[PDB]
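Notes follow once the structure below has been shown.
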Amino acid sequence: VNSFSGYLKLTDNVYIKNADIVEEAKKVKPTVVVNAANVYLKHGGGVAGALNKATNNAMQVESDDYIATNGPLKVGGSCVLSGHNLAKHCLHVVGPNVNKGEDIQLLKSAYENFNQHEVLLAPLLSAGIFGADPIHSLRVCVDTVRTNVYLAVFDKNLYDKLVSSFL
Ligand SMILES: O=C(O)C[C@@H]1CN(c2ncnc3[nH]c4ccccc4c23)CCO1
């Protein structure tokens with residue numbers, strides 16, 4: 001039993017809710033919140049900008065030190081950093097950004113990072129300002145992630161479309 005509330009069950013291990021991931025993280029304080037990161041961990045907008053703002057920029061400060069030490073992530077890759085006031089840990093995962101021309105096949109590799117964590121609160125990778133089709137992202141999630149994932153979808157209209165079209 002866990003503390004996630006109001007989710008629709010899509011499969012054995014995938015759950016979905018119309019929710020602001022920032023507000024959901026603040027309330028649940030999950031072990032892991034996933035950030036929709038880029039390779040530079042520059043948290044300017046979308047989910048990343050929102051999560052970073054909620055940490056009062058502490059996420060960005062920590063991320064800048066990480067990059068100065070380790071260099072950029074790979075597209076499809078991830079790193080574990082602090083969850084600050086939102087979660088125990090933040091798993092920064094880089095989905096391909098279609099608006100940069102990155103290969104959508106890398107979306108499966110990106111979701112594979114979730115399998116290293118038993119339970120996660122996450123957005124749909126490569127959705128929103130990353131330019132991929134969120135219906136496709138949900139399909140890849142369901143077909144790739146085997147651990148327990150609670151997906152927060154900010155837009156109510158999109159949430160209803162994702163549920164109604166789910167196979
Ligand atoms: O899910 C969707 O419809 C949109 C997807 C997923 N993203 C989010 N997901 C879940 N919570 C989110 N709070 C946010 C606050 C500010 C900006 C983006 C978000 C945001 C956004 C990018 O694309």
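Please treat every number below as a calculation from the coordinates, not as lab data. Cβ coordinates were reconstructed from backbone atoms using ideal geometry, including for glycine residues, and neighbour counts include every protein chain displayed.
With springs only between Cα atoms under 10 Å apart, run a GNM on the chain and tell me which of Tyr15, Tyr111, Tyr66 wobbles the most. Looking only at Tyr15, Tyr111, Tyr66, the biggest GNM fluctuation is shown by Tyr66. How many angstrom lie between the Cα centre of region 7-47 and the Cα centre of region 55-89? So the separation of the two Cα centres works out to 15 Å.
Values of log10 I(q)/I(0) for the chain across q = 0.12, 0.15, 0.20 Å⁻¹ run -0.46, -0.74, -1.41, by the Debye formula with one identical scatterer at each alpha carbon and no solvent.
With K and R counted +1 and D and E -1, the other residues having a Cβ less than 15 Å from that of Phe114 yield a net charge of -1. Pairs of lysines in region 8-165 whose Cα atoms sit within less than 18 Å of one another amount to 21, provided the residues are eight or more positions apart or on different chains.
Just checking the listed ones, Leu73, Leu86, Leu51: in the Gaussian network model of the chain with Cα springs under 10 Å, the one fluctuating most is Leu73.
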